[PDB]
Each structure stands twice: as C-alpha cells, then as structure tokens.
Amino acid sequence: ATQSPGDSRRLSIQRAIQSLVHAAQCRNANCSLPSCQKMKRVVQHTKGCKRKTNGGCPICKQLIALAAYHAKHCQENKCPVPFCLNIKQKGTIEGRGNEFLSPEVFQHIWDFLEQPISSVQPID
Ligand SMILES: [Zn+2]
Ligand SMILES: [Zn+2]
Ligand SMILES: [Zn+2]
C-alpha cells in the first residue's frame with residue numbers, strides 16, 4: 001500500500017521488551033541478569049515520575065507505546081509489566097491504547113540507559 005503496517009516493528013520492540021519485562025518482574029535473589037541491573041535505573045524514573053500529574057516525562061510518555069504493544073500478547077492474571085497490568089483492567093476500547101506510535105526518539109531511551117550523558121532535557 002502507500003504505507004505498510006508495523007509488523008517488523010516487533011523485531012525492534014521485542015528486543016527492548018526482553019529487558020523491560022524481565023527487569024519489571026526482577027524481584028528475587030535468584031534473579032541474576034546483565035541488562036536487568038541497568039534496567040532498574042529506568043524503572044526508578046517512573047517510580048518517582050510526579051510529572052505524570054502535570055503531563056509526563058519523555059521516558060514515561062514513550063514507554064506507554066511498549067506497554068500496550070506487549071498487552072496484546074500479555075493477557076494473564078498478574079501481568080509482569082506494571083503499566084500493562086492497568087491496560088488489562090481498562091481493556092474496554094481495544095483500539096486507542098493499542099494503536100500507538102513514536103518516532104526514532106523511541107531508540108534514544110535505550111541509548112542513555114547505558115550512557116547517561118543527556119539528562120533528557122524536555123523542550124516544546
Ligand atoms: Zn532480573
Ligand atoms: Zn517521568
Ligand atoms: Zn503483561
């Protein structure tokens with residue numbers, strides 16, 4: 001067509017989700033992963049994101065895309081991702097939430113996770 005659907009986006013997204021999902025459910029002494037320990041820092045961002053009540057930070061605003069992308073395939077009793085857990089309890093539209101897209105900035109979050117040299121200074 002003029003534009004193709006986001007099917008291959010899965011190969012790009014699932015790579016970022018392997019770390020996110022695992023780190024969300026990483027609450028155990030037996031849990032020992034490399035990417036996990038790094039991901040924990042990103043989890044602290046939403047943990048203290050008071051800005052959500054004012055709008056939301058770039059990380060938070062961006063992560064929602066992935067929460068919903070995982071929710072179509074994560075439909076369980078106690079979903080690992082804390083954001084998708086809310087999607088399940090609100091799965092009443094099954095359209096608006098699911099249908100989400102973000103620009104190349106989506107990749108920038110995973111870059112600073114390892115190289116904190118930007119402070120994601122929000123702008124207009
Ligand atoms: Zn872990
Ligand atoms: Zn935030
Ligand atoms: Zn889930």
# chains A, B, ... in the order shown; residues from 1 in each chain; ligands from 1
>>> residues_around(residues="residue A:61", least_positions_apart="4", cutoff="10 Å", atoms="only C-alpha atoms", output="VMD selection string")
chain A and resid 52 55 to 57 65 102
>>> select_by_dssp(residues="stretch 17-120 of chain A", states="alpha helix (DSSP H)", output="ChimeraX atom specification")
/A:17-24,34-47,58-71,82-89,105-114
>>> closest_residue(among="A:31, A:1, A:13, A:120", to="ligand 1", atoms="only C-alpha atoms and all ligand atoms")
A:31
>>> atom_distance(atom1="atom CA of residue A:3", atom2="atom CA of residue A:70")
22.9 Å
>>> residues_around(residues="residue A:15", least_positions_apart="5", cutoff="12 Å", atoms="only C-alpha atoms", output="PyMOL selection string")
chain A and resi 8-10+20-22+35+66+70+107+110
>>> write_last_selection(atoms="N, CA and C atoms", output="compact mmCIF listing (two decimals), in the first residue's frame")
# COMPACT_ATOMS: atom_id res chain seq x y z
N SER A 8 7.20 -5.56 11.22
CA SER A 8 8.61 -5.69 11.59
C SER A 8 8.97 -4.87 12.82
N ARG A 9 8.13 -3.92 13.25
CA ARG A 9 8.41 -3.14 14.45
C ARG A 9 8.61 -4.14 15.60
N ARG A 10 7.95 -5.31 15.57
CA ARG A 10 8.10 -6.34 16.59
C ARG A 10 9.57 -6.69 16.83
N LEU A 20 13.01 -4.98 29.59
CA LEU A 20 11.97 -4.28 30.35
C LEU A 20 11.10 -5.24 31.17
N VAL A 21 10.53 -6.26 30.53
CA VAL A 21 9.67 -7.25 31.18
C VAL A 21 10.45 -7.94 32.29
N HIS A 22 11.62 -8.49 31.95
CA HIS A 22 12.44 -9.19 32.90
C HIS A 22 12.76 -8.30 34.10
N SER A 35 21.54 -6.97 31.61
CA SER A 35 20.67 -5.88 31.20
C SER A 35 19.69 -5.48 32.32
N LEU A 66 5.02 0.74 24.25
CA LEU A 66 5.50 -0.61 24.51
C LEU A 66 4.63 -1.36 25.49
N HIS A 70 2.89 -4.82 24.27
CA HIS A 70 3.05 -6.08 24.98
C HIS A 70 1.70 -6.60 25.45
N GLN A 107 14.24 4.90 20.30
CA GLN A 107 15.54 4.25 20.43
C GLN A 107 16.48 5.01 21.37
N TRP A 110 16.94 3.82 25.19
CA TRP A 110 17.80 2.68 25.43
C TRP A 110 19.29 3.02 25.32
>>> residues_around(residues="residue A:58", least_positions_apart="4", cutoff="9 Å", atoms="only C-alpha atoms", output="list in words")
residues 62, 63, 109, 120, 121 and 122 of chain A
>>> write_last_selection(atoms="N, CA and C atoms", output="PDB file, in the first residue's frame")
ATOM      1  N   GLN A  62       6.804   7.848  26.280  1.00  0.00           N
ATOM      2  CA  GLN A  62       7.299   6.905  25.290  1.00  0.00           C
ATOM      3  C   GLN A  62       6.995   5.445  25.674  1.00  0.00           C
ATOM      4  N   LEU A  63       7.295   5.017  26.908  1.00  0.00           N
ATOM      5  CA  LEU A  63       7.101   3.644  27.410  1.00  0.00           C
ATOM      6  C   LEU A  63       5.687   3.100  27.197  1.00  0.00           C
ATOM      7  N   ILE A 109      15.965   6.320  24.305  1.00  0.00           N
ATOM      8  CA  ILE A 109      15.812   5.935  25.708  1.00  0.00           C
ATOM      9  C   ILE A 109      16.783   4.808  26.072  1.00  0.00           C
ATOM     10  N   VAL A 120      17.826  13.890  29.331  1.00  0.00           N
ATOM     11  CA  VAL A 120      16.593  14.009  28.592  1.00  0.00           C
ATOM     12  C   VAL A 120      15.838  15.318  28.864  1.00  0.00           C
ATOM     13  N   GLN A 121      16.565  16.431  28.728  1.00  0.00           N
ATOM     14  CA  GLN A 121      16.056  17.784  28.914  1.00  0.00           C
ATOM     15  C   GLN A 121      14.815  17.958  28.027  1.00  0.00           C
ATOM     16  N   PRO A 122      13.612  18.091  28.607  1.00  0.00           N
ATOM     17  CA  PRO A 122      12.414  18.258  27.813  1.00  0.00           C
ATOM     18  C   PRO A 122      12.407  19.665  27.210  1.00  0.00           C
TER      19      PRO A 122
END
>>> closest_atom_pairs(of="chain A", to="ligand 3", cutoff="10 Å", atoms="only C-alpha atoms and all ligand atoms", output="tab-separated table")
residue	atom	partner	partner_atom_place_in_ligand_line	distance
A:21	CA	ligand 3	1 (Zn)	8.1
A:67	CA	ligand 3	1 (Zn)	7.6
A:68	CA	ligand 3	1 (Zn)	8.7
A:69	CA	ligand 3	1 (Zn)	9.5
A:70	CA	ligand 3	1 (Zn)	6.1
A:71	CA	ligand 3	1 (Zn)	5.2
A:72	CA	ligand 3	1 (Zn)	8.3
A:73	CA	ligand 3	1 (Zn)	7.4
A:74	CA	ligand 3	1 (Zn)	3.9
A:75	CA	ligand 3	1 (Zn)	5.9
A:76	CA	ligand 3	1 (Zn)	6.7
A:77	CA	ligand 3	1 (Zn)	8.9
A:78	CA	ligand 3	1 (Zn)	7.5
A:79	CA	ligand 3	1 (Zn)	3.8
A:80	CA	ligand 3	1 (Zn)	5.2
A:81	CA	ligand 3	1 (Zn)	5.2
A:82	CA	ligand 3	1 (Zn)	7.7
A:83	CA	ligand 3	1 (Zn)	8.0
A:84	CA	ligand 3	1 (Zn)	5.0
A:85	CA	ligand 3	1 (Zn)	6.0
A:86	CA	ligand 3	1 (Zn)	9.2
A:87	CA	ligand 3	1 (Zn)	8.6
A:88	CA	ligand 3	1 (Zn)	8.0
>>> closest_atom_pairs(of="chain A", to="ligand 1", cutoff="8 Å", atoms="only C-alpha atoms and all ligand atoms", output="CSV")
residue,atom,partner,partner_atom_place_in_ligand_line,distance
A:22,CA,ligand 1,1 (Zn),5.5
A:23,CA,ligand 1,1 (Zn),4.8
A:24,CA,ligand 1,1 (Zn),7.7
A:25,CA,ligand 1,1 (Zn),6.8
A:26,CA,ligand 1,1 (Zn),3.6
A:27,CA,ligand 1,1 (Zn),6.7
A:28,CA,ligand 1,1 (Zn),7.4
A:31,CA,ligand 1,1 (Zn),4.6
A:32,CA,ligand 1,1 (Zn),5.5
A:33,CA,ligand 1,1 (Zn),5.4
A:36,CA,ligand 1,1 (Zn),4.8
A:37,CA,ligand 1,1 (Zn),6.9
>>> closest_residue(among="A:18, A:119, A:12, A:4", to="residue A:59", atoms="only C-alpha atoms")
A:119
>>> closest_residue(among="A:6, A:34, A:48, A:95", to="ligand 2", atoms="only C-alpha atoms and all ligand atoms")
A:48
>>> atom_distance(atom1="atom CA of residue A:60", atom2="atom CA of residue A:17")
14.6 Å
>>> closest_residue(among="A:123, A:53, A:5, A:14", to="ligand 2", atoms="only C-alpha atoms and all ligand atoms")
A:53
>>> closest_residue(among="A:113, A:42, A:89, A:30", to="ligand 2", atoms="only C-alpha atoms and all ligand atoms")
A:42
>>> closest_residue(among="A:38, A:11, A:97, A:29", to="residue A:116", atoms="only C-alpha atoms")
A:38
>>> atom_distance(atom1="atom CA of residue A:124", atom2="atom CA of residue A:103")
15.5 Å
